[PDB]
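Below is one structure, written out as C-alpha cells, with a few remarks after it.
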Amino acid sequence: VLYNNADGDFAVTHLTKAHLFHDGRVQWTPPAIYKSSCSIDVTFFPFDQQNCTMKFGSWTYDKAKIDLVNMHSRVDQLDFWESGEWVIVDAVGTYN
Amino acid sequence: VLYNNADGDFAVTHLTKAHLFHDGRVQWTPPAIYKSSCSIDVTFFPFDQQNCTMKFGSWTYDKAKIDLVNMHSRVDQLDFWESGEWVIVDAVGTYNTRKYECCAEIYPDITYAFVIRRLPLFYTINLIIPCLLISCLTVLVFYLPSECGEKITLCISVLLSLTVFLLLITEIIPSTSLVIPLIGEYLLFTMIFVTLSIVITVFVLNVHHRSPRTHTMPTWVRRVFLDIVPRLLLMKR
Amino acid sequence: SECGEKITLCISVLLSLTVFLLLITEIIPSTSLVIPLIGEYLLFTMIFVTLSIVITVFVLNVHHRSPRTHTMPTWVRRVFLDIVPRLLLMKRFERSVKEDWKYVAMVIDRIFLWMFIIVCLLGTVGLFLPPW
Amino acid sequence: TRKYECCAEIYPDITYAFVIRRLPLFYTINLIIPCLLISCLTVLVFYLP
Amino acid sequence: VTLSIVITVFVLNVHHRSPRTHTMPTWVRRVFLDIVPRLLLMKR
Amino acid sequence: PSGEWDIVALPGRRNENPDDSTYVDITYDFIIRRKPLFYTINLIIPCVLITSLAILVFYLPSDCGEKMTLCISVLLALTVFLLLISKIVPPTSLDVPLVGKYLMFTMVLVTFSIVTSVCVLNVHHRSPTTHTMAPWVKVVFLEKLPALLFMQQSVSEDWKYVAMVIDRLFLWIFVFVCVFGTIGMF
Ligand SMILES: *[C@@H]1O[C@H](CO)[C@@H](O)[C@H](O)[C@H]1NC(C)=O
Ligand SMILES: *[C@@H]1O[C@H](CO)[C@@H](O)[C@H](O)[C@H]1NC(C)=O
Ligand SMILES: CN1CCC[C@H]1c1cccnc1
Ligand SMILES: CN1CCC[C@H]1c1cccnc1
Numbered sequence: 098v099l100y101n102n103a104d105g106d107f108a109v110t111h112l113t114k115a116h117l118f119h120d121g122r123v124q125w126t127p128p129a130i131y132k133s134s135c136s137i138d139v140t141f142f143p144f145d146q147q148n149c150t151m152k153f154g155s156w157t158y159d160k161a162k163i164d165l166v167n168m169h170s171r172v173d174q175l176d177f178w179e180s181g182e183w184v185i186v187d188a189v190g191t192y193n
Numbered sequence: 098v099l100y101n102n103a104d105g106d107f108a109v110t111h112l113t114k115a116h117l118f119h120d121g122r123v124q125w126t127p128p129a130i131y132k133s134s135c136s137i138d139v140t141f142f143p144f145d146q147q148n149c150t151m152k153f154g155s156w157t158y159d160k161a162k163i164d165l166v167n168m169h170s171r172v173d174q175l176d177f178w179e180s181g182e183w184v185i186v187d188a189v190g191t192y193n194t195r196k197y198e199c200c201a202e203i204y205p206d207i208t209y210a211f212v213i214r215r216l217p218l219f220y221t222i223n224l225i226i227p228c229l230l231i232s233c234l235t236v237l238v239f240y241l242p243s244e245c246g247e248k249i250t251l252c253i254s255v256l257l258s259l260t261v262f263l264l265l266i267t268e269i270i271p272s273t274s275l276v277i278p279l280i281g282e283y284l285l286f287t288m289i290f291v292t293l294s295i296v297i298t299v300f301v302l303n304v305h306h307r308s309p310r311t312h313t314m315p316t317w318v319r320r321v322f323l324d325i326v327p328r329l330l331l332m333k334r
Numbered sequence: 243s244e245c246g247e248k249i250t251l252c253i254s255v256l257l258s259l260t261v262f263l264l265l266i267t268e269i270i271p272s273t274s275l276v277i278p279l280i281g282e283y284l285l286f287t288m289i290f291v292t293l294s295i296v297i298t299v300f301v302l303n304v305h306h307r308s309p310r311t312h313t314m315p316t317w318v319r320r321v322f323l324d325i326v327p328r329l330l331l332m333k334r342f343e344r345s346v347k348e349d350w351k352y353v354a355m356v357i358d359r360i361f362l363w364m365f366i367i368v369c370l371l372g373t374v375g376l377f378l379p380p381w
Numbered sequence: 194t195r196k197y198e199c200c201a202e203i204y205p206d207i208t209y210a211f212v213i214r215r216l217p218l219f220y221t222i223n224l225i226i227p228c229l230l231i232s233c234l235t236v237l238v239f240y241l242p
Numbered sequence: 291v292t293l294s295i296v297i298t299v300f301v302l303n304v305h306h307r308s309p310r311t312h313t314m315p316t317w318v319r320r321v322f323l324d325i326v327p328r329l330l331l332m333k334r
Numbered sequence: 174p175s176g177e178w179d180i181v182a183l184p185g186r187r188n189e190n191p192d193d194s195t196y197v198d199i200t201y202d203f204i205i206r207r208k209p210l211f212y213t214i215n216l217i218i219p220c221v222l223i224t225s226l227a228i229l230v231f232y233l234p235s236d237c238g239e240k241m242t243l244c245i246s247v248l249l250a251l252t253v254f255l256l257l258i259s260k261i262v263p264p265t266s267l268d269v270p271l272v273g274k275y276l277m278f279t280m281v282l283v284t285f286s287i288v289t290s291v292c293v294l295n296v297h298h299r300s301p302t303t304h305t306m307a308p309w310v311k312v313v314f315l316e317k318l319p320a321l322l323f324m325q326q337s338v339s340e341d342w343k344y345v346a347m348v349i350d351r352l353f354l355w356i357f358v359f360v361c362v363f364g365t366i367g368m369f
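Structure below.
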C-alpha cells in the first residue's frame with residue numbers, strides 16, 4: 098500500500114491474474130490509478146520543476162519477515178504516453 | 098463509528114490485517130478517509146482559528162459490555178504532513194458518556210477537538226491588500242477639480258470594483274447567518290460611503306455648471322459661502 | 243492633461259491588473275509557504291500604479307486651478323521655473346498666469362515621469378535574476 | 194422489429210418517444226428580455242449630437 | 291452595431307475637420323444643401 | 174444546530190389511499206426557514222444601494238456631458254445582479270422571485286431613462302442659428318414653467344433652459360413613479 102494517498106484507493110482493486118512457474122516462482126502485474134499528494138513549490142512559475150514523492154510498503158509485515166528489494170534503480174517508461182503538458186525529467190527509487 | 102459524518106463512510110471500510118499475541122492480545126490499525134462537518138467560524142478572516150470536532154464511539158454496545166480508554170491523551174503527529182496552508186495548534190481527546198432516548202444504559206464516546214490556525218500570508222498578499230488599496234481612493238475624488246469632468250467615472254469605477262470584491266469574497270466564506278465576516282462588513286461600509294460620495298459629488302457638479310441667468314439666488318448663499326472659507330483656513334481671491 | 247482621460251487610462255490599467263491577479267490566484271495553489279514570482283511582480287505594479295493615480299489626480303488639480311483662487315506665485319516661480327533648465331527642457342494678463350500654471354503642471358508631470366520610468370526599469374530587471 | 198448483421202433472425206424492440214416542452218418563464222425573464230431590451234440602443238447613437 | 295460604430299467614427303471625423311485642412315466645398319455644397327428639403331428638415 | 178437554516182416543526186403523517194387498498198406510507202414534512210441576515214447583507218444591500226442612481230442621474234447637468242457614462246454603468250450593474258440572482262435561484266419557471274421582478278422593472282425604468290437622456294442631450298446642444306422653431310415652443314414652455322414651481326429667468340441659453348426644464352419634469356415624474364414602485368414591493 099502507499100502512505101501518501103488523498104481520497105483514493107489504498108490498494109489495487111482490479112486483482113488481475115498472476116503467473117506461476119514450476120519452480121515455485123510467481124509474478125503479478127496489476128494496473129492501478131493512484132492519487133498522490135505533492136509538495137507543490139511554485140516560485141519559478143511557470144518555468145517550474147515539480148518534485149513528487151510516492152511511498153510504497155507493506156502494512157502489517159515487519160522487516161523481520163518481508164524484505165523489499167528494488168529491481169530497477171529507475172522507473173521503466175517503455176509504455177509511456179506523451180501527455181503534452183509534462184515531461185518526466187527523471188524518476189529515482191530509494192530503499193529506506 | 099463516528100456520529101459526525103457528512104457524505105462519507107461511517108465505519109472503517111478497508112479491513113486490513115491485524116496483529117495477535119500469544120496471550121490473546123490483538124492490535125488493529127486500519128487507515129481511512131473521514132469526512133466530518135465542523136462549524137467553520139469565520140469572523141477574523143483571514144487571521145482565523147478553527148475548532149473542529151470528531152466524535153467516535155460504539156454503536157450497539159453499552160458501558161456494561163464495552164468501555165473505551167484513550168491510550169494517548171493527545172493525537173500523535175510523528176507522521177504528519179505539513180499541508181502548507183494549515184498548522185495544528187493542538188488535538189485533544191476527551192472521554193465522555195451520554196444517555197439517549199432509545200434506551201436505558203449510558204453509552205461512552207471519545208471526542209477529538211482539533212484547534213488549528215490558518216497561515217495568513219496568501220490571502221493577505223492576494224485578496225485583502227488589493228481591496229484595501231482600492232478602497233483608499235474613495236476620498237480622492239473630491240480633491241479632483243470640478244471642471245475637468247471625469248469625477249463620476251472614478252466614482253463608478255471604485256463602486257464597481259468594491260462590488261466585485263464583495264461578490265468574490267462571498268464565495269470563499271460560508272453563508273452562515275450566525276455571524277458576519279469582518280472584511281465583508283468593512284467592504285459594505287466602504288460601499289455605503291462611496292455611494293454617498295457619488296450622490297454628493299453629482300450634487301456639487303450640478304452646482305458647478307448652473308448659469309447666472311437661470312439660478313441667480315445671490316442673497317442667502319453669498320453671506321455664508323464667502324465667510325466660511327476663513328474658518329476653513331483657505332485664502333480668498 | 244488637457245485631453246482629460248488620464249484617469250480613465252489609470253483606472254483601466256489598475257482594474258485589468260487586478261483582474262489578472264485574481265485570475266492567477268485560481269491556478270496557483272493556495273499555499274502560504276512561498277509566494278509566486280508573478281504574483282509579487284503584479285502586486286508591485288499595482289502599488290506603483292495606484293501611486294501613479296494619486297500623483298496624477300494631484301497634478302490634474304494643479305493644472306485646472308484658476309489664477310483668481312490659488313495664486314501663490316512667490317515660492318513657486320523660484321523653483322518650478324528653474325528645474326526646467328536642469329531637466330533638459332527648452333523654455334518658452343490672466344492668460345499669462347494660466348499659461349504659467351499649465352506649464353508648471355506639465356513640468357511636474359515630466360519630472361515625475363523620469364523617476365517613475367527609472368524605478369520601473371530598475372524593479373523589473375533588478376528583480377528577475379535568480380537563474381543568472 | 195429489426196435485423197442486425199450478426200444473425201439471421203429478426204429482433205424485437207420497443208421505442209418510447211417522449212415529446213416534452215420547456216416552461217419559458219425563467220429564460221424569457223432572465224435571458225432573452227435583457228438582450229432584446231439592450232437591442233433598443235443600437236439605433237439610438239445616431240440621434241445623439 | 292459594428293457598422294454603426296464605423297459610420298459614427300466617420301461622421302465624428304467629418305464634424306471636427308477645420309476649414310483650413312479639408313476645404314473641398316464645391317461638390318459638397320450642391321449635394322448636402324439641397325438634400326435638406328428631401329429629408330423634411332428645416333434650414334437656418 | 175445547523176447554522177444558516179432553522180427548523181420550525183416536523184409533522185409526520187401516515188398516508189393511506191383508500192382506493193388502491195394496498196398503498197401505505199409514512200410522510201414526514203420539514204418546514205425550514207432561512208435566516209435572512211446573510212443574503213440581506215450581501216444581495217439586497219448592493220441592489221438598493223445602486224438602484225437610487227437610476228433616478229439620481231437626471232440631477233446631473235447636461236453641459237458636463239456624462240449622463241451616458243453613469244446611465245450605462247447603472248444598466249450594466251443591474252444586468253450583472255440579474256444574471257447572478259438568476260444563477261443562485263433554482264431554474265423553475267413556475268414562479269418568479271420578487272427581487273428578480275424588482276430588478277426587471279427598474280431595468281426597464283433605466284432603459285427608458287437612457288433614451289430620455291439622449292433626447293434631452295440632443296435638444297440641449299442645438300445652436301440658435303439652425304433650429305430656431307420659436308413660436309410653437311416659447312409660449313408652451315413659458316406657460317409650463319410655473320406648473321413645476323421653478324424659478325423664473337442669446338437663444339442658446341434659451342435651449343439650455345428648455346432642456347433643464349424638461350429633464351426636471353422627467354425627474355419629478357420619475358421619482359413620483361419610483362415611490363409607487365417601492366410601495367408596490369410591500
Ligand atoms: C526530491 O526530493 C527528494 C526527497 O527529499 C530528494 O531526495 C531529491 O533530492 C529531490 N529532487 C531534487 C532534484 O532535488
Ligand atoms: C473547542 O470546542 C470544544 C467543544 O465545544 C471546547 O470544549 C473547547 O474549549 C474548544 N477549544 C478551545 C481552545 O476553546
Ligand atoms: C507498521 N505499520 C506501518 C504503519 C502502521 C503500522 C501498523 C500498526 C499496527 C498494525 N498494522 C500496521
Ligand atoms: C448507541 N447508538 C447510538 C444511537 C442509537 C444507539 C443504539 C442503541 C441500541 C442499538 N443500536 C444503537
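Protein sequences appear in the order of chains A, B, C, D, E and F.
Residue 98 is where the first sequence starts when you use the deposited numbering, and the numbers rise one by one after that.
Residue 98 is where the second sequence starts when you use the deposited numbering, and the numbers rise one by one after that.
Under the deposited numbering, residues 243 to 334, 342 to 381 are what the third sequence spells out, in order.
Residue 194 is where the fourth sequence starts when you use the deposited numbering, and the numbers rise one by one after that.
Residue 291 is where the fifth sequence starts when you use the deposited numbering, and the numbers rise one by one after that.
Under the deposited numbering, residues 174 to 326, 337 to 369 are what the sixth sequence spells out, in order.
Yeah, the Cβ is synthetic: ideal placement off N, Cα and C, and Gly gets one too.
For residue i, go through chain A and note every residue whose CB falls closer than 7 Å to its CB, in chain order.
| i | result |
| --- | --- |
| residue 270(C) | 139 and 142 |
What would DSSP say about residue i, mapped onto helix, strand or coil?
| i | result |
| --- | --- |
| residue 195(F) | coil |
| residue 194(B) | strand |
| residue 281(B) | helix |
| residue 240(B) | helix |
| residue 149(B) | strand |
| residue 102(B) | strand |
| residue 183(B) | strand |
| residue 188(B) | strand |
| residue 119(A) | coil |
Determine the chain E residues that contact residue i at a beta-carbon separation under 7 Å, and present them in chain order.
| i | result |
| --- | --- |
| residue 238(D) | 294 and 298 |
Starting from residue i, find everything on chain B with Cβ-Cβ shorter than 7 Å and list it in chain order.
| i | result |
| --- | --- |
| residue 107(A) | 111 and 128 |
| residue 178(A) | Under the 7 Å cutoff, chain B gives no residues; its nearest Cβ is about 29 Å from residue 178(A). |
Measuring CB to CB, does residue i end up less than 8 Å from residue j?
| i | j | result |
| --- | --- | --- |
| residue 124(B) | residue 111(B) | no |
| residue 429(F) | residue 288(F) | Residue coverage of chain F in this structure runs from 174 to 369, which leaves residue 429(F) outside it and unanswerable. |
| residue 256(B) | residue 295(B) | yes |
| residue 188(B) | residue 150(B) | no |
| residue 307(E) | residue 302(F) | no |
| residue 46(B) | residue 208(B) | With chain B represented from 98 up to 334, any question about residue 46(B) goes unanswered, as that position is not in the structure. |
Give the residues of chain B in contact with residue i, contact being defined as C-beta atoms less than 9 Å apart.
| i | result |
| --- | --- |
| residue 238(F) | 246 |
Comparing the C-beta of residue i with each C-beta of chain A, is any distance below 8 Å?
| i | result |
| --- | --- |
| residue 279(C) | yes |
| residue 250(C) | no |
| residue 373(C) | no |
So with CB distances below 9 Å, who are the chain F contacts of residue i?
| i | result |
| --- | --- |
| residue 307(E) | Within chain F, no residue comes near residue 307(E); the closest Cβ sits about 18 Å away, beyond 9 Å. |
| residue 216(D) | 265, 266 and 267 |
Strictly below 8 Å CB to CB, what residues from chain B border residue i?
| i | result |
| --- | --- |
| residue 104(A) | 130 |
| residue 310(C) | 334 |
| residue 295(F) | Under the 8 Å cutoff, chain B gives no residues; its nearest Cβ is about 18 Å from residue 295(F). |
| residue 253(C) | 250, 251 and 254 |
| residue 273(F) | The contacting residues do not exist; residue 273(F) stays about 17 Å from chain B at best. |
Got a sec: is the Cβ-Cβ distance from residue i to anything in chain F below 8 Å?
| i | result |
| --- | --- |
| residue 205(D) | no |
| residue 241(D) | yes |
| residue 222(D) | yes |
Check whether chain E comes within 8 Å of residue i, counting only Cβ atoms and requiring the distance to be less than that.
| i | result |
| --- | --- |
| residue 302(F) | yes |
Closest Cβ-Cβ distance between residue i and chain B: below 8 Å?
| i | result |
| --- | --- |
| residue 317(F) | no |
| residue 258(C) | no |
| residue 273(C) | yes |
Counting only beta-carbon separations shorter than 8 Å, does residue i have a partner in chain D?
| i | result |
| --- | --- |
| residue 291(E) | yes |
| residue 242(F) | no |
> What alpha helix (DSSP H) runs, 4 residues minimum, are completely inside the stretch 208 to 287 of chain F?
Replying inline: Counting only runs of 4 or more, we get 218 to 223, 226 to 229 and 240 to 261.
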